[PDB]
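Numbering (the entry's author numbering), first residue to last: 76 to 590.
The C-beta atom is built at its ideal place from N, Cα and C for all residues, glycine as well.
Have a look at the structure below, then the notes.
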Amino acid sequence: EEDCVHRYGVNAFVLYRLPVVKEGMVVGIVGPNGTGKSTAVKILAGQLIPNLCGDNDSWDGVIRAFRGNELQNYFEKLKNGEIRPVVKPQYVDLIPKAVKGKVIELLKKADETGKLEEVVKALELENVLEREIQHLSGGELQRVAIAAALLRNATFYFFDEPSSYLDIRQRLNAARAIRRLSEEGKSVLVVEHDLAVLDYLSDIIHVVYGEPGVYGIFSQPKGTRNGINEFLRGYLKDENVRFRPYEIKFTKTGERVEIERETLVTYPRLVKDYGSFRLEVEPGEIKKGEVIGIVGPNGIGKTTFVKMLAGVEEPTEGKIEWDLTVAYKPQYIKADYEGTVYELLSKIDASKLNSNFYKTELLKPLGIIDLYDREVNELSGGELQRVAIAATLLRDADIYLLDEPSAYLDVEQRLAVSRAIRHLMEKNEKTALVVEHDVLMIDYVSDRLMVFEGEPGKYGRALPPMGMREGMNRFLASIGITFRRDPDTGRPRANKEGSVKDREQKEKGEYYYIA
Ligand SMILES: Nc1ncnc2c1ncn2[C@@H]1O[C@H](COP(=O)(O)OP(=O)(O)O)[C@@H](O)[C@H]1O
Ligand SMILES: Nc1ncnc2c1ncn2[C@@H]1O[C@H](COP(=O)(O)OP(=O)(O)O)[C@@H](O)[C@H]1O
Ligand SMILES: [Mg+2]
Ligand SMILES: [Mg+2]
């Protein structure tokens with residue numbers, strides 16, 4: 076194999092092949108972290124001269140090395156400066172330590188297209204313009220970075236993981252704004268871990284596979300549907316590569332309705348006031364042995380609702396009268412345990428750690444066994460997320476509450492967590508409520524849905540748990556995106572704006588198919 080593009084050093088990480096870039100199209104990239112996705116972006120953006128796994132140190136070398144490839148001309152243009160790709164960086168948290176002043180100052184400066192007013196609208200930046208960069212949240216930094224990139228005038232735009240820190244509405248609206256670039260004839264390359272967003276965004280897909288931290292390989296370009304389906308199946312036909320020993324199928328959105336579950340508990344109208352913000356919860360019922368997905372933009376009260384159910388927060392009005400044990404995986408986790416992951420988890424339930432079912436369905440797929448000897452206080456955000464999810468699912472309780480388990484996880488880890496939640500809840504016949512912004516995770520794990528509506532920071536309303544179709548129709552109408560079903564894998568499939576299916580579904584008010 077002589078498709079070696081870059082080696083980080085002796086025994087360091089090596090990248091094989093590169094994705095294609097095409098004007099007028101969106102090329103999506105999907106794969107586990109540590110496999111070279113950002114490295115390819117750096118190379119194509121001109122930020123890193125690939126050494127071709129040798130000593131190459133010039134663009135001329137790359138130009139000769141890519142003879143016979145459509146990228147030869149690309150690199151010629153890159154070296155000559157006829158193109159200067161715009162890059163929305165992955166590590167938006169580092170923006171402050173390099174930029175100062177008001178957001179409106181950063182954006183006016185990036186504005187080379189006179190679309191400031193439009194981009195601000197799309198990314199909900201109206202109240203961030205006057206804010207200083209130093210006071211921005213990870214979420215606001217992400218949206219400001221996507222806006223800066225969208226405002227530039229160039230031919231090539233590369234977005235590295237734009238959905239991180241964005242709520243469900245924000246990530247789908249940013250995807251619409253990003254895709255518009257290709258409609259204007261520009262070329263877009265986007266790396267994404269949220270499969271629904273990746274789907275809606277892309278015309279072409281590359282799957283990246285390999286061994287995290289050791290090597291990564293870009294697949295041949297694939298049509299959007301075929302690429303995402305091969306990814307779920309764990310097997311790339313043409314390349315004849317099986318990167319996962321099993322398939323992840325989504326077929327199972329119908330049986331989760333034909334079964335009369337008993338009621339676990341009911342809760343009455345609840346109100347939680349935080350100064351000027353107010354959350355009103357409509358009376359609801361929770362069934363034994365079901366999973367309720369919870370969706371809604373942020374700053375609306377999802378976490379506040381979960382906290383009241385977990386008993387960590389008290390309602391201002393209304394009273395919950397339960398005699399249930401609850402296991403709770405909080406949205407923001409702070410490691411504070413002097414001991415290893417194994418010590419922490421073995422103290423929760425050692426019998427489950429030694430259980431074949433738990434090792435197969437939870438510990439191995441989430442990579443927990445490989446973290447057993449790690450000190451909890453030294454875990455990264457993604458490692459801590461997996462360990463906290465496992466810690467929560469290892470507890471013995473009537474109800475399990477998981478507040479945003481997909482944050483910090485890569486696409487493969489998300490699929491592993493979706494399966495773990497579903498399989499363990501089915502096994503233990505218990506109940507869970509899961510707040511999530513990742514549509515395919517919601518789809519995979521949920522039997523019913525609770526939708527939150529309101530004005531972020533001002534007021535929120537928790538609608539009672541309803542069917543998947545009714546809840547997604549309610550949420551999606553607010554965003555103008557429709558999903559149908561893909562028979563091959565059973566996954567929800569995004570319709571491009573204006574397509575035949577999109578028009579048909581919108582006219583009928585059926586924004587989300589299951590059947
Ligand atoms: N500057 C560097 N020096 C050495 N190794 C690096 C450097 N940048 C990235 N790597 C390593 O290369 C691998 C792939 O990195 P990256 O392209 O950022 O992955 P991803 O698919 O998560 O975006 C990782 O194992 C990473 O630690
Ligand atoms: N303890 C608190 N004191 C004051 N305001 C709070 C408190 N907890 C949450 N809030 C505010 O309540 C609103 C709802 O927050 P939250 O429930 O975290 O939202 P989300 O839907 O993003 O999980 C936000 O505007 C938040 O700033
Ligand atoms: Mg990356
Ligand atoms: Mg929250």
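Run the Cβ filter for me: residues under 7 Å from any heavy atom of ligand 3, listed in the order they occur in the chain.
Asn108, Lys112, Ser113, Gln165, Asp235, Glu236, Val266
Contact belief for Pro531 with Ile375 at Cβ below 8 Å, rounded distance in angstroms:
6 Å
Could you give the first and the last residue of the continuous alpha helix (DSSP H) run that contains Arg251?
243-258
Close Cβ partners of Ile517 (< 7 Å) along its chain, the five nearest in sequence each way excluded
In the same chain as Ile517, and ignoring 5 residues on each side of it, the C-beta atoms closer than 7 Å to its own belong to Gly368, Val370, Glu511, in chain order.
How would you call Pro125, buried or exposed, if buried means at least 16 neighbouring beta carbons within 10 angstroms?
buried
Quick one: does the C-beta of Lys409 sit closer than 6 Å to a heavy atom of ligand 2?
no
Do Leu499 and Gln460 have their beta-carbon atoms positioned less than 7 Å apart in this structure?
Contact: no.
Simplified DSSP state of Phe141, which is helix, strand or coil:
coil
Are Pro107 and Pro287 touching if we call contact CB-CB under 7 Å?
Cβ atoms of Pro107 and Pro287: closer than 7 Å.
Can the beta-carbon of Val283 be found closer than 7 Å to that of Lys163?
no
When you compare only the Cα positions, how much space is there between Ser294 and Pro562?
23 Å
Measuring CB atoms only, is the region 534-554 touching the region 397-409, in the sense that at least three cross pairs come out at less than 8 Å?
No, they do not touch.
From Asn431 to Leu264, what does the alpha carbon distance come to, in whole angstroms?
42 Å
Leaving out five residues on either side along the sequence, give the residues of the same chain with a beta carbon under 7 Å from the beta carbon of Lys117.
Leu123
In three-state DSSP terms, what is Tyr407?
DSSP places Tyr407 outside both helix and strand once states are collapsed to three, so it counts as coil.
Which word fits residue 642, buried or exposed, when buried means at least 16 other C-beta atoms lie within 10 angstroms of its C-beta?
With the chain covering only 76 through 590, there is no way to say anything about residue 642.
Which residue's Cα is closest to the Cα of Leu384: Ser426, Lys427, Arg494, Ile361?
When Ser426, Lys427, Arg494, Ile361 are compared, the shortest CA-CA separation from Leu384 is found for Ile361.
Could you check whether the Cβ of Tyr433 sits closer than 6 Å to any heavy atom belonging to ligand 1?
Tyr433 Cβ: outside cutoff for every heavy atom of ligand 1.
Please find out if some non-hydrogen atom of ligand 4 comes closer than 6 Å to the beta-carbon of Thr467.
no
Hey, which residues come within less than 7 Å of ligand 4, measuring from Cβ to any heavy atom, in chain order?
Those residues placing their Cβ nearer than 7 Å to any heavy atom of ligand 4 are, following chain order, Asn373, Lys377, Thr378, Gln406, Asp478, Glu479, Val510.
Taking 7 Å as the limit between beta carbons, can you name the residues of its chain near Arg544, skipping five residues before and five after?
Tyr587, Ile589
Quick one: is the Cβ of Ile375 within less than 6 Å of any heavy atom of ligand 2?
yes
Beta strand (DSSP E) containing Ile221: first to last residue?
No beta strand (DSSP E) contains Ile221, which is instead part of the alpha helix (DSSP H) from 213-226.
Exposure label - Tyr166; buried when at least 16 CB within 10 Å
Around the beta carbon of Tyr166, a 10 Å sphere encloses fewer than 16 other beta carbons of the protein chains shown; the residue is thus reported as exposed.
Under three-state DSSP, which class holds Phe306?
helix
In terms of alpha-carbon separation, which member of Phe558, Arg536, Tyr433, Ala252 lies closest to residue 599?
Outside the shown range of the chain, which is 76 to 590, sits residue 599, and nothing can be said about it.
Helix, strand or coil at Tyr290 [DSSP, three-state]
Secondary structure at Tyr290: strand, using DSSP grouped into helix, strand and coil.
Where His81 falls: helix, strand or coil (DSSP)
strand
From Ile138 to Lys152, what does the alpha carbon distance come to, in whole angstroms?
For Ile138 and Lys152, the distance between alpha carbons rounds to 10 Å.
Just reading off the beta strand (DSSP E) that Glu528 is part of, what are its end residues?
523-530
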